[PDB]
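Visitor: Output the structure for:
(chains A and B)
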Amino acid sequence: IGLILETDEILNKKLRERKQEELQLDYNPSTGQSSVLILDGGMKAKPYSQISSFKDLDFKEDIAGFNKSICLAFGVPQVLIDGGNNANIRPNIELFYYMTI
Amino acid sequence: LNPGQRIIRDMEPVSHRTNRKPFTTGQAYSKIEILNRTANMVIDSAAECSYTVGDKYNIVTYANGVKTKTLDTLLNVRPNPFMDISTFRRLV
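Guide: Numbers count the residues shown, from 1 in each chain, chains lettered A, B, ... in the order given. Next comes the structure:
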């Protein structure tokens, strides 16, 4: 939601819908220029907040754990999934070959 | 021999198992990854050590008089007519 406006009056539905589309197209900087808004006749702007946010879906470590489990069940080092430095890479191939295969 | 033996005998006259929870252990090994991997690493690593047979001590024993070449062939090559060496080692 971008904005909430509120009244105790009853408003003509067709004109209300038109007004919503005018505000939406005018205020966005991509579409339109206008930015100040003047309310009259008692329309009130209602403050609100994002009651549930994408920020709380910090899955990132849990899925990483599952990837490690899968990678571990076969027994392939992560350096082979990434590629690292020389000192990492050349011994890890021998690790993978000798221990697993 | 050992005078105390008759007493020690009564402290534990028969062995008892210690792997309680055998079913849930077999579930865990069959279903939980980190157990399966670490156990397989240990078993598969231990199974591939060769055995060397050395000199013979003069003391008498149970398995008397077995020629070294036979014992070597049994340990390294073929435990019995029907089962390989690797399967035998991994089972043990």
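Visitor: residues from chain A in reach of chain B?
Guide: A:69, A:72, A:73, A:75, A:99 (Cβ under 8 Å from any Cβ of the partner chain). Heads up, the C-betas are built off the backbone N, CA and C, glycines and all.
Visitor: Buried only: go through the residues you listed for me.
Guide: Listed as buried from the residues of chain A next to chain B are residue A:72; burial here means 16 or more other Cβ atoms under 10 Å in any protein chain shown.
Visitor: Next, give phi and psi for residue B:86.
Guide: Phi and psi for residue B:86, reported as degrees, to the nearest 10, are phi -70, psi -40.
Visitor: re the thing from before, could you redo the residues of chain A next to chain B as a markdown table and give each row secondary structure and distance to residue B:5?
Guide: Below are the residues of chain A next to chain B laid out as a markdown table (DSSP: H, G, I helix; E, B strand; the rest coil; distance: Cβ to Cβ, whole Å):
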| residue | secondary structure | distance to residue B:5 |
| --- | --- | --- |
| A:69 | helix | 52 |
| A:72 | helix | 50 |
| A:73 | helix | 50 |
| A:75 | coil | 49 |
| A:99 | helix | 47 |
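Visitor: mind putting the residues of chain A next to chain B in CSV, distance to residue B:11 included?
Guide: Listed next are these as CSV, based on distance: Cβ to Cβ, whole Å:
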residue, distance to residue B:11
A:69, 45
A:72, 44
A:73, 45
A:75, 45
A:99, 44
